[PDB]
Structure formats: C-alpha cells, structure tokens
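Undergrad:
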Amino acid sequence: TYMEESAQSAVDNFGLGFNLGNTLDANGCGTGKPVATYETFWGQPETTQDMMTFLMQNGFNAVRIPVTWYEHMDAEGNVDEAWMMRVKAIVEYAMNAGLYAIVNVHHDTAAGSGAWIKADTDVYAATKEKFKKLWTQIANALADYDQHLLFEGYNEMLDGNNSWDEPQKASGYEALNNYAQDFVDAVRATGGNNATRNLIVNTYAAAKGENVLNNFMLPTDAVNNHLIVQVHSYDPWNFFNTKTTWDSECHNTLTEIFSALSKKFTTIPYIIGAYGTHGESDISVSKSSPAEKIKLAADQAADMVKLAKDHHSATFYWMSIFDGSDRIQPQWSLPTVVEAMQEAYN
Ligand SMILES: OC[C@H]1O[C@H](O)[C@H](O)[C@@H](O)[C@@H]1O[C@@H]1O[C@H](CO[C@H]2OC[C@@H](O)[C@H](O)[C@H]2O)[C@@H](O[C@@H]2O[C@H](CO[C@H]3OC[C@@H](O)[C@H](O)[C@H]3O)[C@@H](O[C@@H]3O[C@H](CO[C@H]4OC[C@@H](O)[C@H](O)[C@H]4O)[C@@H](O)[C@H](O)[C@H]3O)[C@H](O)[C@H]2O)[C@H](O)[C@H]1O
Numbered sequence: 007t008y009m010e011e012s013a014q015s016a017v018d019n020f021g022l023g024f025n026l027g028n029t030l031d032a033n034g035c036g037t038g039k040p041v042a043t044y045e046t047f048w049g050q051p052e053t054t055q056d057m058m059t060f061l062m063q064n065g066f067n068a069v070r071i072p073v074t075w076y077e078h079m080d081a082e083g084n085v086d087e088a089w090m091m092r093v094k095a096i097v098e099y100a101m102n103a104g105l106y107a108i109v110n111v112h113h114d115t116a117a118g119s120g121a122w123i124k125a126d127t128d129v130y131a132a133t134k135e136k137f138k139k140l141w142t143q144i145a146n147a148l149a150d151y152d153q154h155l156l157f158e159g160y161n162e163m164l165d166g167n168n169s170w171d172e173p174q175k176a177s178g179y180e181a182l183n184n185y186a187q188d189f190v191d192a193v194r195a196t197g198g199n200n201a202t203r204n205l206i207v208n209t210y211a212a213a214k215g216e217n218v219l220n221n222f223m224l225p226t227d228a229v230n231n232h233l234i235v236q237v238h239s240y241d242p243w244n245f246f247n248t249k250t251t252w253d254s255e256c257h258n259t260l261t262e263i264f265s266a267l268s269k270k271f272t273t274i275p276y277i278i279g280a281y282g283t284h285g286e287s288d289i290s291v292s293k294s295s296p297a298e299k300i301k302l303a304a305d306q307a308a309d310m311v312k313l314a315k316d317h318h319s320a321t322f323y324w325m326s327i328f329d330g331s332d333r334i335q336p337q338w339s340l341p342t343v344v345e346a347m348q349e350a351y352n
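Position 23 (the sequence shown) corresponds to 29 in the deposited numbering; numbering is contiguous.
#1: In the DSSP assignment, the beta strand (DSSP E) including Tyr323 goes from what residue to what residue?
#2: Considering only DSSP beta bridges, list what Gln236 is partnered with.
#3: Which residues in the same chain have their Cβ closer than 7 Å to the Cβ of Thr133, if we skip the five residues on either side of it in sequence?
#4: By Cβ distance below 6 Å, which residues in the same chain neighbour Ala145 in space, the five residues on each side in sequence not counted?
#5: If you compare alpha carbons, which of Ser169, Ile206, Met310 is closest to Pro275?
#6: By a C-beta neighbour count over all protein chains shown, 10 Å radius and 16 as the cutoff for buried, is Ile289 buried or exposed?
#7: Which residues share a DSSP beta bridge with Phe157?
#8: Among residues of its own chain, excluding the 5 on either side of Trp324, which ones have a beta-carbon nearer than 7 Å to its beta-carbon?
#9: So what's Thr29 in DSSP terms, helix, strand or just coil?
#10: Rank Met57, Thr29, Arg70, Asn19 by C-alpha distance to the C-alpha of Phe322 and give the top, closest one.
#11: Just mark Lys269 as buried or exposed, buried being the case when its beta carbon has 16 or more other beta carbons within 10 Å.
#12: Does DSSP put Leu302 in a helix, in a strand, or in coil?
#13: Counting only runs of 4+ residues fully inside the region 84–128, write out the alpha helix (DSSP H) ranges in chain order.
#14: With DSSP as the reference, please indicate the residues paired to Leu22 in a beta bridge.
#15: Are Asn19 and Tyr151 closer than 8 Å when you measure CB to CB?
#16: Can you round the beta-carbon distance between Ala131 and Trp170 to whole angstroms, since I take them to be within the 8 Å contact cut?
#17: Should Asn244 be listed as close to ligand 1, given that the test is whether its C-beta is under 7 Å from any heavy atom?
#18: Quick check: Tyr185 and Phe222, are their CB atoms within less than 8 Å of each other?
Here it is, written out as structure tokens:
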C-alpha cells in the first residue's frame, strides 16, 4: 500500500545507489525491434529479478533505471506497449527486492542522435505536448507502484549546440524550467499515487556550476516536499587519466561542489544521480585496470558517498561496479570499490 513520504526522507533512505546504465537507455538499433534487442544493444544482459535482489542483499537501497524512449514512440507519441511493460517489469523486480527505484527519460536528451528534448526556445515549443504526453503515459502505466518508485523528468538536457556544463544562451534556462514544470504538471494530473509521488528534476546538463544553479527554478507543486533536484559528477574532469591518486585537489574539488549545492538548495534535497571515473573519450575503470587505478576509483567513491551522507544527499554509481556478464552471476565487478563505498556509508 501507499505511504506518503517526504523528498528528504526518500533521499535519506536511498543509501547506496546504483545506475542500471546502458540497458533500457541503450538506443540506435532502430524502430520496430524486439524488446531484448534494445535492452542488450549496448552489451548488457537482460535484467533479472536476481540482479535487484543482489543489490539489496549487498548493501544497496536504490536503483536508477535509465530509459530512452524515442525508438519506442510512434508518430503520434504513443509508447509501444511491450516496451512500457518491460519498464514496468524491471520496476517490479526492484519493488520486490525492497529497493527504491527511479525511472527517467534518458538519451531523449543530450548530445546523441535521436535526442529531441532540448533547452532551446524553438524545440521546447515544438515538443512540449509530446513531452507531456510521454510523461502522462509513463505515470499512468506505473501509477500503482508506491512511494518507493520515483519519476525523473529528463536526464541531461542541453541547448541546440549540445553545450555541456552551461547553455550558450539564457533562453536555455527558460526552456529547461518550462519542461520541468510541464513534467510535474503532467504527472500530478494523473492523480492516485502520482498526486504525492516524489519526483526528480535535473539542472541544465545535470551540471553544478554557479550560473546553472542560480538560473535553475524548481517547479511549483500543489503538494509539499515531494520534489528532489538531481545533478551528475565526474569531477574533477578526466581525473582518471591525469591523476595517480585521489589527491587533495580531487578531495577539495568534491568538497566545494557539495558546499555549493547545499548552500543553493536549503529546503529541498539533492542527489548525485550519476558519478564515476568516466573521462576523456569515456575512458573508465574496469576489473582489468591497474590496482592503482582501481584504488583511484575506490577513493573517489568512498569520498563521494561520505560527503553525500554528510550533506543529507544520496549517490548513484554509474555502471562500473556491477557490469556486463557480472550482472548474470550476479557478482560485483569491482569488489574493492564497493567495499570502500560500504565502509564509507556505514
Ligand atoms: O559518460 C558516462 C555517463 O555520463 C552521464 O551519466 C550520462 O547520462 C550517461 O549516459 C553516460 O554513460 C555513457 O553513455 C554513452 C552513450 O552516450 C551517447 O548518448 C548520449 C550523448 O550525450 C553522448 O554524447 C553519446 O556518446 C555510452 O556509450 C555507448 O557505449 C555502448 C557500449 O560500449 C561499451 O561496450 C562496448 C565496448 O566496445 C565499449 O568500449 C564500451 O564502452 C556502445 O555500444 C555499441 O554500440 C554500437 C552501435 O552504436 C551505434 O548506435 C549507438 C550510438 O551511440 C553510436 O554512435 C552508433 O555508432 C553497437 O554496434 C555495438 O555492438 C555496441 O557495443 C554505444 O555505441 C555507445 O554510445 C557509454 O558507454 C556510457 O558510459
């Protein structure tokens, strides 16, 4: 049954979080394909109940489920039923396991081909009703799940030039804030559990700089304390390639970031919805990385988790700790990183 819970309480209960990345967010194989074709298109196995249960049994309490939607929508913006039901099926795995789950709209945003949601005046005007129709469908299909399920409006919205970190024009902020409101409006309108469900709105590019935070506007909500703000972090940029250890510069950089977020968001919680070692050319840590590089990954994660706890936040690891064939066993890909995260959190 449904038990209404505040945004801050949800974030406090997330504990250690994980991103089921390159899975339902995988895209580019075209329209009209079997569900499993999309899900495995980027090298991940089909998700199982055992995976969600594994996370719960091993000290994690929340999973983010990225979803890319555009290849599953027809000309009128209707979502393929098999796709929607597969999203629902994976949510159900997570609910069964006792996890919090986040469902979003992922590579429909940002710099890849097929992205259609953009912080741009013309694009917003042309896609606003399509966007609201999408969220109405998602909210209705997932309506029956309780407070452990959250919706996240959009992943990493960029302007027309795909400008990371910050938009080139201030109108970009208008478009984002407008989308954000449309997202909240469309979900709340469906009523039921969606009337009070905790929802997540991301900053421009999910970035964290001074201008992006100052020009972020939280949507108006008829109910209290059911909104969360989300940002991402691979800071300091390219540290995995340029650093030999998680040094004082790395540590101070993270400390400053959390300080800036907590100073900005005084009354609403924020989360680090995706973080990791991914840097230039998306080079990232794996089990075949040198021990010093795996230690570098572990120290980042340890610091990220502890700072987040200190700042009444929560974190979701992007992919690397639980990846590919390791999901099938299931087993951690990076046990030492996870152990560092668990020790930091507990
Ligand atoms: O960067 C870290 C994270 O940062 C934020 O949190 C983001 O929200 C996360 O999404 C992001 O995660 C990374 O996302 C990458 C996708 O980004 C793209 O879309 C968003 C845009 O903004 C961005 O600019 C785009 O680059 C994701 O990259 C994908 O990785 C897949 C798997 O690759 C892994 O396994 C295979 C191995 O060889 C790789 O070294 C290893 O990294 C790639 O899968 C392959 O895809 C091709 C088909 O590719 C076509 O269609 C997809 C399109 O993206 C390609 O450009 C196009 O050629 C298929 O034939 C192969 O069999 C697959 O292996 C995928 O192509 C690639 O985009 C990244 O891994 C993830 O960390």
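Using N, Cα and C, we set each Cβ at its ideal position, and we do this for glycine too.
TA: Here's the rundown:
#1: Here the question's residue 323 lines up with position 317 in the sequence shown. Segment 321–324, the beta strand (DSSP E) holding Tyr323.
#2: As a first step, residue 236 must be located in the sequence shown, where it is residue number 230. Bridge partners of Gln236: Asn208, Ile277.
#3: The count along the sequence shown starts at 1 and reaches residue 133 at position 127. These residues qualify, in order along the chain: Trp122, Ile123.
#4: For the purposes of this step, residue 145 is identified with residue 139 of the sequence shown, where counting begins at 1. Excluding residues within five positions, the ones whose Cβ falls inside 6 Å are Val193, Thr196, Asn200.
#5: For this step, residue 275 is matched to residue 269 along the sequence shown. The residue with the shortest Cα to Cα distance from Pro275 is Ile206.
#6: Locating residue 289 in the sequence shown gives position 283, where the first residue counts as 1. Label assigned to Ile289: exposed.
#7: Here residue 157 is taken as the residue at index 151 of the sequence shown, counted from 1. Beta-bridge pairing links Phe157 to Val109, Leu205.
#8: For the purposes of this step, residue 324 is identified with residue 318 of the sequence shown, where counting begins at 1. Contacts found: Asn25, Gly27, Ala280, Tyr281, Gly282, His284.
#9: Reading the sequence shown from its first residue, position 23 is the one you call residue 29. Coil at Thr29, not helix or strand.
#10: Counting from one through the sequence shown, the residue named residue 322 turns up at place 316. Of the listed residues, the one whose Cα sits closest to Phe322 is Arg70.
#11: For the purposes of this step, residue 269 is taken as residue 263 along the sequence shown, with counting starting at 1. It is exposed - the Cβ of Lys269 has fewer than 16 other Cβ atoms within 10 Å.
#12: Position 296 of the sequence shown holds residue 302. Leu302 falls in the helix class under three-state DSSP.
#13: 87–103
#14: Taking the sequence shown and counting its residues from 1, the one referred to as residue 22 is at position 16. For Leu22, which the question treats as bridged, DSSP gives the partners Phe66, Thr321.
#15: Residue mapping note: residue 19 aligns to position 13 of the sequence shown, counting from 1. Residue mapping note: residue 151 aligns to position 145 of the sequence shown, counting from 1. No. Outside cutoff.
#16: Residue mapping note: residue 131 aligns to position 125 of the sequence shown, counting from 1. Residue mapping note: residue 170 aligns to position 164 of the sequence shown, counting from 1. Contact doesn't hold; Cβ gap of about 23 Å is too wide.
#17: Taking the sequence shown and counting its residues from 1, one reaches residue 244 at position 238. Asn244 Cβ: outside cutoff for every heavy atom of ligand 1.
#18: Translated into positions along the sequence shown, residue 185 becomes position 179. Translated into positions along the sequence shown, residue 222 becomes position 216. The answer is no: Cβ separation not under 8 Å.
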